[PDB]
Amino acid sequence: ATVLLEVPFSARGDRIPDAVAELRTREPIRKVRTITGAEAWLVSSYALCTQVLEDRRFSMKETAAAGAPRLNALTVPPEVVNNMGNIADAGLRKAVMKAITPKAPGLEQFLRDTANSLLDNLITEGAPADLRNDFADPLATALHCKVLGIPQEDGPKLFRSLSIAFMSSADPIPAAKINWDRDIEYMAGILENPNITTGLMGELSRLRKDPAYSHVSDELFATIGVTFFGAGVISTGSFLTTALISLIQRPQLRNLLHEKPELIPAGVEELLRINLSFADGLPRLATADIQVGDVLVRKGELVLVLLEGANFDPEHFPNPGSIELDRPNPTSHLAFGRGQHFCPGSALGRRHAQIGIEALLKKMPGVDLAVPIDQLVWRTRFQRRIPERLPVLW
Ligand code: HEM
Ligand SMILES: O=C1N[C@@H](Cc2c[nH]c3ccccc23)C(=O)N[C@H]1Cc1ccc(O)cc1
């Protein structure tokens, strides 16, 4: 006898397990057990993943309900699971989007200058260089301090909450509450700081004193700063790091993008499509009995939308494991989700990766791993798949 199939399958972000294609072909919706011991429905085909993400009766908000089957323990207060919904209800959605667009004056130049300075420092120090700790993550942190309008010197401390805040744990994490409360106090101070007049926090500070937003809570304003810094920095730093591995493992593509940097945006879209940065399926709780393929999902059950299940589906993306720059449906992947909860930082994440890759290929055209690929150490029980260090030479 064997136990019910457990998720996640592997923390490695450099290869997709053969099990994904097996489940997609044989049982594209099937029962699994999560790290908490709960049962869930794992969805692995493009058609069924899109159906779940486009039906709001599969609720993100309701995954925080007490007594629900859980993918993992909350690392934020339960109301914060519905963060975007709370922002929209407060009439702040348009202002938040305008603040996080990569089109802001001087933002792209700031990204280029920061990426170039980090790379120059690595070249001065000499090989090996760690592209996660000394490139991708500081570039993501610097970008988010600029987008938020907060001091660059405050970035490293806010960043150090992330290795705990984005854990995917069976049980509550005491350190996550200590760091959450401290980071909220910091953002509350930023709202009261007269020097903070630019970026997302400068805009929220002004809207907070506008009569049209007098009843929006101070708790929500501080929460927007903590959540957008954390989600943006963990997502951009982790995606860029794993996209750099995908590129280093494809020297023909690396050489083509070095030669023709105008192809970098199409290259980043394929790197997003094949990305294995999300460690778990996206969770949703059914609020009704809903038919998904051969399964009638019952009200109160947990559904997990496996992004790599959809993104590597050959019925939607033929030769799914290959980076092809001329696909006819290039942005139809689910790397940023789909539907009600589609990533609000999609344009900024694309620009962060495009500029980081453009700068790296110009400065280090001979970039290569400095250790055999199996020697990368993959972070476990985390909401993202990332190597602890990414040692390279050039
Ligand atoms: C490469 C970069 C990024 C990737 C791959 C990524 C991916 C995703 C995905 C897949 C979702 C959907 C989650 C779901 O439906 O359960 C999401 C949501 C979200 N992301 Fe991103 N993200 C990235 C960058 C960012 C950035 C830069 C920010 C903010 C500065 C951000 C803020 C958020 C927030 C707040 C949500 C929740 C939206 C909602 O509930 O409506 N993301 N992201
Ligand atoms: O469940 C998630 N799902 C995805 C999407 C998401 C869902 N709800 C969110 C609220 C705020 C920011 C992001 C989200 C994610 O990026 N993060 C986590 C939420 C999160 C946010 C901030 C933390 O310190 C810890 C956890």
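Atoms within a ligand are numbered from 1 in the order they appear, just like the ligands themselves. Numbers here are sequence positions counted from 1. The basis for the numbers below is simple: all heavy atoms, side chains too, and nothing from hydrogens, waters or symmetry mates.
Annotation: side chain of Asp313 is not in contact with side chain of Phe317 (no heavy-atom distance under 4.5 Å).
The neighbour count for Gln291 CD, taken as heavy atoms of other residues, nucleotides or ligands under 6.0 Å away, is above 12. Annotation for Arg206: atom CZ counts as buried by contact number, over 12 foreign heavy atoms lying within 6.0 Å.
Close approach to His341 involves these atoms of ligand 1, each under 4.0 Å from a residue heavy atom: 12 (C), 15 (O), 18 (C), 38 (C), 39 (C), 40 (O), 41 (O). The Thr75 neighbourhood of ligand 2 comprises atoms 25 (C), 26 (C), with distances under 4.0 Å to a heavy atom of that residue. Atoms of ligand 1 lying under 4.0 Å from any heavy atom of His144, numbered from 1 in the order shown and given with element: 27 (C), 30 (C). Listed by atom number, the atoms of ligand 2 under 4.0 Å from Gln383 heavy atoms are 2 (C), 17 (N), 18 (C).
Minimum interatomic distance between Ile248 and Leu369 (heavy atoms only, all atoms of both residues): CG2-N, 3.5 Å. Between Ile274 and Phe312 the shortest heavy-atom distance is O-CZ, 3.4 Å. Annotation for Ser44 and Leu306: closest pair CB-CD2, 4.3 Å, computed over non-hydrogen atoms.
Closest heavy-atom approach to atom 12 (C) of ligand 2 within the set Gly232, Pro344, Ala231, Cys343: this belongs to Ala231.
Proximity of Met60 to ligand 1, defined as any heavy-atom pair under 4.0 Å, is confined to the side chain (atoms from C-beta onward).
For the residue pair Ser168 and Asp280, a side-chain donor N or O sits within less than 3.5 Å of a side-chain acceptor on the partner. Side-chain contact, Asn83 with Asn86: no donor N or O sits under 3.5 Å from an acceptor N or O. Between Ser277 and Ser238, the side chains place a donor N or O and an acceptor N or O closer than 3.5 Å (distance only, hydrogens not considered). In this model, no donor atom of one side chain and acceptor atom of the other lie less than 3.5 Å apart for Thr331 and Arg273. A side-chain N or O of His333 and one of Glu269 form a donor-acceptor pair less than 3.5 Å apart. Between the side chains of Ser161 and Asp183, at least one donor N or O sits under 3.5 Å from an acceptor N or O.
Protein heavy atom nearest atom 1 (C) of ligand 1, with residue, atom name and distance: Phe239 CB, 3.5 Å. When only non-hydrogen protein atoms are considered, atom 38 (C) of ligand 1 lies nearest to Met84 CG, 3.4 Å. With respect to atom 9 (C) of ligand 2, the closest heavy atom belonging to the protein is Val81 O, 4.0 Å. At the shortest separation from atom 11 (C) of ligand 2 among protein heavy atoms lies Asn83 ND2, 3.3 Å. Looking only at heavy atoms of the protein, atom 20 (C) of ligand 2 is closest to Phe166 CE2, 3.9 Å. Counting only heavy atoms of the protein, atom 10 (C) of ligand 1 lies nearest to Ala335 O, 3.3 Å. Scanning the protein for heavy atoms near atom 16 (O) of ligand 2, the closest one is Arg384 NH2, 3.4 Å.
The shortest N/O to N/O separation between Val76 and ligand 2 does not fall below 3.5 Å.
Taking 4.0 Å as the cut-off, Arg284 counts as a neighbour of ligand 1 on heavy-atom distance. Contact analysis leaves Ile234 out of contact with ligand 2, as no non-hydrogen atom separation drops below 4.0 angstrom. Using a 4.0 angstrom heavy-atom cutoff, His341 does not count as in contact with ligand 2. Heavy-atom distances between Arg338 and ligand 1 stay at or above 4.0 Å for every pair. In this structure, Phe229 has no heavy atom closer than 4.0 Å to ligand 1.
Among protein atoms, those of element N, O or S found less than 2.8 Å away from atom 21 (Fe) of ligand 1 are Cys343 SG.
Using a 4.0 Å cut-off between charged nitrogen and carboxylate oxygen, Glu192 and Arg208 count as a salt-bridge pair. Note on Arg327 versus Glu324: salt bridge recorded, some NZ/NE/NH1/NH2 to OD/OE distance being below 4.0 Å.
Cation-pi geometry between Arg385 and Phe278 is not met: the NZ or CZ atom fails to fall both under 6.0 Å from the ring centre and inside 45° of the normal.
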